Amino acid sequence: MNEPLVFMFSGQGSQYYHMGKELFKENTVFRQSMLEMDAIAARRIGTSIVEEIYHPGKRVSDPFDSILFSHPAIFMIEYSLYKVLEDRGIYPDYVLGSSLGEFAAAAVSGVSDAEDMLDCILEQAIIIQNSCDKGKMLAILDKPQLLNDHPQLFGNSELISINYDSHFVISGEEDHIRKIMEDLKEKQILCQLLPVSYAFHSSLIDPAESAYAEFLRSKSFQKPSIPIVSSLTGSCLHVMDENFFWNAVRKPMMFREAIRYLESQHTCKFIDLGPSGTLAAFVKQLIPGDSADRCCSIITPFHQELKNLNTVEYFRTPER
């Protein structure tokens, strides 16, 4: 059978400075799409998003956690990379959204156009920046069974995602998270802060739900034309409720269930279109080890986008 293409889109936590710079400099489709969306975003943020992403004084290791810039930046990078692949004749059989990536998945699917989805992202960043306290998300490089056997180790935090057997993310207030990190160090449990400044996917961003739901009622969305698999439900969506784009950042995620659903009906090929290749790394942990060739990423801090795009050419579906 022709193995279907899954386009995967990641969300908050996967961005980094200079993500996709080689595509921005050497690929006209990518650069044009980034500059087009930059004009829309500069009107609402007050300055170029692009110039912040590629600021020469900021390094990959400098956490790119400002919500006003990272929200638009993640969508712009992802949709621009979609445009590169579409222009080359590489089309998705499914799109998989994760966290803020649900927005890019929805735009690629046709639920809305890129300009309206970008606006919904800009609005959500501004509404959160005005009404919510700052917060943190922490990845635990260990077994999620720890949550059951030592629940007091993780007090004052909420579990938002289990990504594979040895990776899960929690979300909470800044001092609460920093105290958990102190406690985990004394237990020799390895962890890593995500480069974010809000406790996404937890109740600590609830102060923004009312204003965003108000905002979402002034919008009108189309039904998906490309099958969307959503990390919010772990399953494909065809009927979409009115608060979906809030739940995209508020509700916990079901990424493993999403991947299981796709591997249940066919042996898929997975392309990570989000920065860092976060979701391709998760998928590789969730499928048989010999099947790692079914999964690649494009935009990574190795800045090998052009070489990685040539790798993706082998995923092209046959004729006959």
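Counting begins at 1, following the sequence as shown.
Of the two stretches examined, 230-238 and 189-197, the record assigns the greater average C-alpha temperature factor to 230-238. Between 35-43 and 288-296, it is 288-296 that carries the larger average Cα temperature factor according to the deposited entry.
Annotation for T278, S264, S66, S48: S264 ranks highest, by Cα B-factor.
Placement of the Cα temperature factor of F168 within the chain: lowest third of the modelled residues, per the deposited record.
In the deposited entry, the Cα temperature factor of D116 sits in the middle third of values across the chain's modelled residues.
Ranked by Cα temperature factor within the chain, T311 sits in the middle third according to the deposited record.
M137: CA B factor lies in the lowest third for its chain, per the PDB record. Among all modelled residues in this chain, the alpha-carbon of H55 has a temperature factor (C-alpha) in the lowest third.
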